[PDB]
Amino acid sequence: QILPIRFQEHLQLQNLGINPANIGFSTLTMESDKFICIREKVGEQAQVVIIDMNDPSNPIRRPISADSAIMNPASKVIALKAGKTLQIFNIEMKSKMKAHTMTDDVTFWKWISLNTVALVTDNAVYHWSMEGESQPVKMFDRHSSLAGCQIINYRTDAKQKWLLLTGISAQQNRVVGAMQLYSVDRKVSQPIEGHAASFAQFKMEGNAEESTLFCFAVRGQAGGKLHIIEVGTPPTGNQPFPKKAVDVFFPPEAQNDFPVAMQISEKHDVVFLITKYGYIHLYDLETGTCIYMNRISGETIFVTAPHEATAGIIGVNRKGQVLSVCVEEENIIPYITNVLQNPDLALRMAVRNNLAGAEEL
């Protein structure tokens, strides 16, 4: 049978000498699809294992004194932190690029662009750009609802004027996500119950310029729900994006699941959603319509990234399989019109994203 998405296996890290207690959210980071960095405990010389994804047979192992190591999303430039000490290193030049010591402990950090690491302490969120002697500037202060939570994500939009911090707490058999959405233009935040999110740029039809869309999924309490909403005032000449709110189905076998990860393709205008028990969901970004729903992994996929070559999502599970799911481009429109029995959505995604299969009217 002809399916709307395509699966690929890239690596299994256990074949390169990675012990799976170090395959986890604490010790493995994958900021983009170019590199994987594994904090490793061998003997007790604490080392880091850096996998080039364009050369996976030759990883490099170097000793560290850091509690977290994140790779730059484009270059082989590592960021290492110990408590309040932060350092930025070029690996191919063996040079320290930058260094800064904060007043507080940085509990979470993530590259948000090509040259900016974002820094999360217990009370504030900082943006540290790598240009020159640029020191971390403060974006916003943290909200009451994210205190005492495990911070799992921080995502911005492309203009970096809409920021979102995402943490989780354990409230009675159930992982409750708390998100702080902050705008730097109105200097105001909002607490949202939310589990996984991403931002997107989306030019509507009949329209001059792109909407900036905020998409998040929650297993809140009514159930699983997915919301797609425009943030900010629309530009002038731009009709506003109509608010989308659809259901996220969870099966009765997996009624302790919740979403953990989200990437949005802009080549196809779709939303990839992965849950904790290893389920992939594919939605349409314009309408919210569920295209596909099935289970990619037996184990927990804890880290994801955009897949740039296929316009998809790449993720690592707890066993160590590096997997990728993308839109199968010659199959998705015949899947929507005949298996999903939706000729209208198949017509719309064939005109909007230049997909084949628009000769069956």
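Residues carry their position along the shown sequence, with the first being 1. Whichever C-alpha set is largest while still superposing within 1.5 Å between the two forms counts as the rigid core.
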Of the two stretches 67-75 and 90-98, CA positions deviate more in 9 other deposited structures of this protein after rigid core alignment for 90-98
Returned stretch for higher CA RMS in 9 other deposited structures of this protein, core superposition, given 126-134 and 265-273, is 126-134
Comparing 307-315 with 50-58, the higher average Cα temperature factor in the PDB entry belongs to 50-58
The stretch whose C-alpha atoms carry the larger average B-factor in the entry, 195-203 or 237-245, is 237-245
Among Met30, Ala69, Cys326, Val42, highest Cα B-factor in the entry goes to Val42
When the entry's CA B-factors for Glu286, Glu230, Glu209, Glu266 are compared, the highest one belongs to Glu209
So, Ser129's CA B-factor, relative to its chain, sits in which third? The middle
Entry-reported C-alpha B-factor of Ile36 relative to its chain, by third, is lowest
On the chain's distribution of Cα B-factors, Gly223 falls within the third called highest
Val77: C-alpha B-factor third of its chain, per the entry, is the lowest
By the entry's values, the third containing the CA B factor of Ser169 is the middle
